Amino acid sequence: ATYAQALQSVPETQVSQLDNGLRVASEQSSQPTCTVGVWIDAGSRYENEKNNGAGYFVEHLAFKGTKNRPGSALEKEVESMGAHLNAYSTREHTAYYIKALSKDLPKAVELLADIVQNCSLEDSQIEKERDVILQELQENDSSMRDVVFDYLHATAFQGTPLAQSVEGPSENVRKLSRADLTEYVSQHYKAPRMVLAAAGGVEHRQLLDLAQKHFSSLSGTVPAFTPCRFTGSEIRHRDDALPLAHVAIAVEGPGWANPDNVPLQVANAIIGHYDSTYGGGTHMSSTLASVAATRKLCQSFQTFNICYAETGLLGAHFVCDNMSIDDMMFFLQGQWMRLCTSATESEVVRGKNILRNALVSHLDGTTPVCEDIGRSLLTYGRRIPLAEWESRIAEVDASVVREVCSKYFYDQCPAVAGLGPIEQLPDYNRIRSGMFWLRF
Amino acid sequence: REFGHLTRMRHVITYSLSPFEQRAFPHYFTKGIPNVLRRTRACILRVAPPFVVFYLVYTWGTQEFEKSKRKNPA
């Protein structure tokens with residue numbers, strides 16, 4: 001088993017398609033557990049200004065009682081057989097997955113059929129949930145990471161649905177009524193926009209039979225989004241009482257398509273990640289992280305690759321004190337243009353290995369495998385096998401990384417979002433000047 | 001006196017936009033002219049009166065000089 005043989009030995013993801021348009025897919029294994037869930041193409045990207053937050057609201061209400069299962073009775077099932085019911089709604093995806101035993105798949109799918117089709121939307125339950133969402137919004141206000149990322153989205157995609165947050169404004173939260181929720185679920189939770197993923201010890205034919213027996217009476221056989229526009233801007237929520245200063249700087253990246261994602265991830269793998277409670281410290285190959293550990297510039301930093309259907313954000317997010325924002329902006333831009341102008345071969349090899357490890361280790365356990373299945377059948381349109389990922393990483397070299405970074409980084413207007421004691425944060429002109437090198 | 005500890009300031013959000021995505025002469029004449037006229041009107045009544053007095057005394061002094069050298073008859 002020389003790695004490549006191990007990659008070939010990974011079982012494939014069989015994909016089917018119901019008459020209603022449900023893309024039933026499954027990956028068979030030998031584990032005695034399973035994770036089955038539907039991924040829907042709803043989210044804030046498909047939400048208008050007045051509807052903003054309806055997806056989060058309906059996701060909240062989904063588990064709190066159905067039509068056939070009144071209230072906690074549904075929950076009474078999930079705990080009775082040891083299942084873990086969970087959900088998450090991204091800006092472009094929504095999902096409700098139920099961890100269960102391999103022998104509980106016939107029931108679990110049934111529960112899923114109840115959650116997405118025969119929902120309740122009880123008015124009194126809506127009233128109880130409204131204040132809960134308000135308090136959750138207040139809790140997220142203290143989340144200086146999520147707040148900064150929402151600031152980045154708003155200041156990068158201003159004037160487009162992508163700028164909208166997942167939870168939506170509090171005004172919409174209090175305004176939203178049952179009619180809007182049922183209209184939203186009837187318009188977005190359509191069969192062609194749903195994929196019933198199931199990883200673990202589930203046989204694909206059994207999954208197909210269950211889906212045909214439960215998800216049959218869905219929609220027959222329309223929000224298709226609008227191409228959003230990137231607008232290099234900046235938001236400075238100067239608040240000196242905050243202890244640290246979260247900064248996020250991004251550029252218009254690629255989408256789920258546009259294979260340039262694979263080299264680009266490698267570049268991010270070169271920059272890497274670091275925080276105070278790390279290991280080697282002033283020895284890690286990342287020059288950014290090594291310098292940060294040497295001079296203690298920050299408490300954290302990361303490189304994200306948020307990519308949507310047609311566009312996406314590529315950049316970094318660092319958490320540091322008030323007296324070191326300028327230095328880390330300098331070093332981060334220096335690393336970006338070092339990769340842009342002369343990426344070398346050894347760093348590219350290290351990035352390839354890091355990306356290989358990320359993809360391989362991320363896809364362990366039934367939950368990440370099922371999530372990958374559901375997300376890939378929506379974004380890529382196909383569950384990309386790990387062998388294809390290996391080949392695509394292998395094709396990446398120094399010249400490819402330099403070219404792709406030049407395409408996406410060099411002389412590009414970034415979007416900046418700072419929160420906290422960000423007085424040191426250089427003005428947007430200085431950042432944009434850092435986005436190009438005079439020597440080169 | 002360096003950026004980072006100039007002062008303390010809270011609850012202020014400022015939005016900007018890249019210079020490469022917005023016009024460098026936005027309504028330079030549509031709104032430039034009314035703004036210039038308002039600025040002129042604000043300070044004209046306090047700027048002009050000294051200089052008009054200066055002009056008046058300039059003409060008076062020069063003409064009084066020229067008249068004083070007129071042969072005078074006497």
# chains A, B, ... in the order shown; residues from 1 in each chain; ligands from 1
call {"tool": "interface_residues", "arguments": {"of": "chain A", "to": "chain B", "cutoff": "10 Å", "atoms": "only C-alpha atoms", "output": "NGL selection string"}}
result
:A and (155-156 or 231-242 or 321-326 or 412-429 or 432)
call {"tool": "write_last_selection", "arguments": {"atoms": "C-alpha atoms", "output": "PDB file, in the first residue's frame"}}
result
ATOM      1  CA  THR A 155     -17.760  45.335   2.651  1.00  0.00           C
ATOM      2  CA  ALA A 156     -16.677  43.021  -0.187  1.00  0.00           C
ATOM      3  CA  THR A 231     -16.000  45.778  -4.405  1.00  0.00           C
ATOM      4  CA  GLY A 232     -12.637  46.450  -2.797  1.00  0.00           C
ATOM      5  CA  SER A 233     -13.593  48.453   0.278  1.00  0.00           C
ATOM      6  CA  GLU A 234     -12.888  48.601   3.997  1.00  0.00           C
ATOM      7  CA  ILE A 235     -14.878  48.710   7.233  1.00  0.00           C
ATOM      8  CA  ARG A 236     -13.264  50.051  10.406  1.00  0.00           C
ATOM      9  CA  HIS A 237     -15.352  49.399  13.524  1.00  0.00           C
ATOM     10  CA  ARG A 238     -12.921  51.237  15.782  1.00  0.00           C
ATOM     11  CA  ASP A 239     -13.675  50.124  19.361  1.00  0.00           C
ATOM     12  CA  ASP A 240     -10.667  50.570  21.641  1.00  0.00           C
ATOM     13  CA  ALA A 241     -12.356  48.893  24.619  1.00  0.00           C
ATOM     14  CA  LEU A 242     -11.994  45.542  22.866  1.00  0.00           C
ATOM     15  CA  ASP A 321      -2.875  43.671  19.766  1.00  0.00           C
ATOM     16  CA  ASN A 322      -3.293  47.346  18.910  1.00  0.00           C
ATOM     17  CA  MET A 323       0.457  47.964  18.524  1.00  0.00           C
ATOM     18  CA  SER A 324       1.224  45.352  15.861  1.00  0.00           C
ATOM     19  CA  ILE A 325      -1.396  45.628  13.094  1.00  0.00           C
ATOM     20  CA  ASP A 326       0.899  47.583  10.771  1.00  0.00           C
ATOM     21  CA  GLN A 412      -5.637  43.725  -6.879  1.00  0.00           C
ATOM     22  CA  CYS A 413      -7.916  45.881  -4.761  1.00  0.00           C
ATOM     23  CA  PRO A 414      -8.592  44.029  -1.485  1.00  0.00           C
ATOM     24  CA  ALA A 415     -11.496  44.137   0.951  1.00  0.00           C
ATOM     25  CA  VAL A 416     -10.543  44.906   4.552  1.00  0.00           C
ATOM     26  CA  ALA A 417     -12.576  44.489   7.734  1.00  0.00           C
ATOM     27  CA  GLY A 418     -11.090  45.512  11.080  1.00  0.00           C
ATOM     28  CA  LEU A 419     -12.740  45.403  14.491  1.00  0.00           C
ATOM     29  CA  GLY A 420     -11.301  46.551  17.798  1.00  0.00           C
ATOM     30  CA  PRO A 421      -8.364  48.835  18.542  1.00  0.00           C
ATOM     31  CA  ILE A 422      -7.525  49.108  14.852  1.00  0.00           C
ATOM     32  CA  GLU A 423      -6.110  52.650  14.902  1.00  0.00           C
ATOM     33  CA  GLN A 424      -2.721  51.313  13.782  1.00  0.00           C
ATOM     34  CA  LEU A 425      -4.305  49.580  10.739  1.00  0.00           C
ATOM     35  CA  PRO A 426      -2.795  51.303   7.686  1.00  0.00           C
ATOM     36  CA  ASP A 427      -5.068  53.393   5.512  1.00  0.00           C
ATOM     37  CA  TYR A 428      -6.539  51.683   2.475  1.00  0.00           C
ATOM     38  CA  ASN A 429      -4.102  53.474   0.177  1.00  0.00           C
ATOM     39  CA  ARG A 432      -3.363  48.874  -1.842  1.00  0.00           C
TER      40      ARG A 432
END
call {"tool": "select_by_dssp", "arguments": {"residues": "segment 31-68 of chain A", "states": "alpha helix (DSSP H)", "output": "count of residues only"}}
result
10
call {"tool": "atom_distance", "arguments": {"atom1": "atom CA of residue 379 of chain A", "atom2": "atom CA of residue 195 of chain A"}}
result
11.1 Å
call {"tool": "atom_distance", "arguments": {"atom1": "atom CA of residue 317 of chain A", "atom2": "atom CA of residue 283 of chain A"}}
result
21.2 Å
call {"tool": "closest_residue", "arguments": {"among": "A:13, A:342, A:47, A:196", "to": "residue 224 of chain A", "atoms": "only C-alpha atoms"}}
result
A:47
